[PDB]
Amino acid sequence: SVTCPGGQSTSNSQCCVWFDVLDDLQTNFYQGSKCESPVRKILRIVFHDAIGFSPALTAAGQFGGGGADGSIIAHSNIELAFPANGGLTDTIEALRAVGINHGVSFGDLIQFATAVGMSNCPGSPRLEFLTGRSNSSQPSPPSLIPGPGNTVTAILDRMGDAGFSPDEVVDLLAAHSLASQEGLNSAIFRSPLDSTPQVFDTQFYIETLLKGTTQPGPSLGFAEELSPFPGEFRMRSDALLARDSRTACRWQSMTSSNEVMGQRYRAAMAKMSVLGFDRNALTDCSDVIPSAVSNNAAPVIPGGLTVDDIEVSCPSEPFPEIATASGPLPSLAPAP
């Protein structure tokens, strides 16, 4: 409809500024449209920006947080002191500069960079992108980000307050398909959470269900559990959620279909993206977000393990027929 200066066809002139933000992020922040540490850090940031939203605090006479409001950037001095916000300041500063240079709100930028980053990762769905969130924010209250040592009850209660059902918690955790740790165990920096940290696929759900046999580092870090093979890190929250009766059937249903996983994640991310906002007051610029390269690989149980190594935790559904591989066990390289 609208033609931006660049030749760029879009739905609304409010989308035109985002083509320049796209180019900048793809060249610079993403270092040539790659799916590496910048994407992974941005996914932590989108979650930790949005989840600072608590109707229970509002109901108890207190500021509950503004949700997807960019507060993690605007008020980084306060929020990057939270336990869950370590290892993010360098990324936050990069985003701060992009936001100021292009004159876009910090809340919108985080959501945009999320959709753009996802688009660089094979197999990703096309995330929605809406523009118009006010740049104004107050600091998030403390203690709103679920931690990897939290019980399943605590995680579901916190996520629940923010607005997510147990299914949607599982759906949002598909981001751990593009993931490593740096801050839990300093001896195995960027140890992946799944065997394909640069492919948005079901491997995370499969591999967290394997029997824990392996200590990847010389000692355990915070909230670390045994993993199924060298190089892979397993955090306690993921281990527990995979196995808990409240989340295990959804977890298991993610294992065989990249396509259903992507749909569910897209829907949950759309919901998360507007905590603290009315989506109907925003402008849809989803057309700025390109599709990702498709992922042609099939789900697999790695390394000669079989379904007998899966701790099947959904008591009503058989484990899906998933291909196995040759041994021996893999050793995961650090995520790039």
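Note that residue numbering begins at 1 and tracks the sequence as displayed.
Asker: Looking at the entry, does 210-218 or 125-133 show the higher mean C-alpha B-factor?
Answerer: Mean C-alpha B-factor is greater for 210-218.
Asker: 308-316 versus 324-332: which one carries the higher mean Cα B factor per the record?
Answerer: Stretch with the higher mean C-alpha B-factor: 324-332.
Asker: By the CA temperature factor listed in this entry, which of these ranks top: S186, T91, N258, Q198?
Answerer: Of the options given, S186 has the highest CA B-factor in the PDB entry.
Asker: Divide the modelled residues of the chain into thirds by Cα B-factor and specify which third, lowest, middle or highest, holds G67.
Answerer: Lowest third, going by the recorded CA B-factors of the chain.
Asker: Where does the C-alpha B-factor of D171 rank in its chain, lowest, middle or highest third?
Answerer: For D171, the deposited C-alpha B-factor lands in the lowest third.
Asker: Among the chain's modelled residues, which third holds the C-alpha B-factor of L226?
Answerer: Within its chain, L226 is a highest-third residue by C-alpha B-factor, going by the deposited values.
Asker: In terms of the chain's CA B-factor thirds, is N280 lowest, middle or highest?
Answerer: Top third by C-alpha B-factor.
Asker: Within this chain, which third does the Cα B-factor at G103 fall in: lowest, middle or highest?
Answerer: Highest third.
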